[PDB]
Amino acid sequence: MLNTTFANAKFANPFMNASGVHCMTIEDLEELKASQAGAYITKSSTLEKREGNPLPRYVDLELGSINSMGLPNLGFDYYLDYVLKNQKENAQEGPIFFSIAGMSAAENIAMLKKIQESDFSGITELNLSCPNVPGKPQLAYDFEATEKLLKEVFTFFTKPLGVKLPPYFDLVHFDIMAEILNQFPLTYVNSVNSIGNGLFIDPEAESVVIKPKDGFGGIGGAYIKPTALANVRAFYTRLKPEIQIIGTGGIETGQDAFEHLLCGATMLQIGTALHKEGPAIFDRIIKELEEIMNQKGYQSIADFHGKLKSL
């Protein structure tokens, strides 16, 4: 039922982890390989190892989560060596995804050169929307710098490339970004990264609940689904069909998954809910989507993919 074709590869189902969640170490990754996730992605990496921000930096909320992790990761060379050893094994349907989130343009360019030069035959996600690093403005909110970066990348990078985007909230922002993205042989757009720089407050202690950046952190979960859906749909009706879409934001149930698919998402990433529930989520949400499909008499995703009705 959920068999999906994406960046000319075949996956058993569209579900994945969202980068940052359950994907920091080799052992996290292997738990995802063993799960029913149709695919999976590494933690965004930087050139060097990073400890990240002081704790507490993530907290579960009734309606999702707040975090300011600070890009903790085990370094580029560590994720690259894991994914190289794992495509030699041919132990899974469809390739691994590999997120990079360089602290500068130059750092992203140098990681993208290393990936090009290497034998990696899977999928890269360039993260332009990391909101939890003190003193770096989300690059995908600066339309001139985003363009200038991508023109440079596409003079050498021939392998399958997507971009992880922050949420937009203005229809004209979607048009400006689509016009930039549409000039390149991009494989996909991933909407969305966290709703940036929100605040959660403990009213008894009269305090923020994370230590970094005075309590300001990216928001995820149910809080953000309306924005995520909107972002998936809005890019779906403006992007050239070569560029497909990963839906991310507020996915927890099969109905949530069904809504992203109806908007035009091809793959789906689960962050906050996976963090709460663990990899067992993939088996649960797969069966929820399937039962919704069976009730409506659908046997494949193409029956409703992108078919959200306007009134």
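All residue numbers refer to positions in the sequence shown, first residue = 1.
- Mean CA B-factor, 167-175 versus 226-234: the higher value falls on 167-175.
- Once the C-alpha B-factors are averaged per stretch, 236-244 and 215-223 rank with 236-244 first.
- Taking the PDB entry at face value, the top CA B factor among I195, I201, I180, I123 belongs to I180.
- By the numbers in the PDB entry, the CA B factor is greatest at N132 among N190, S99, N132, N73.
- In the PDB entry, a CA B factor belonging to the highest third of its chain's modelled residues is recorded for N8.
- Residue-level temperature factors show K49 in the highest third of its chain, judged at the C-alpha atom.
- Residue-level temperature factors show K287 in the middle third of its chain, judged at the C-alpha atom.
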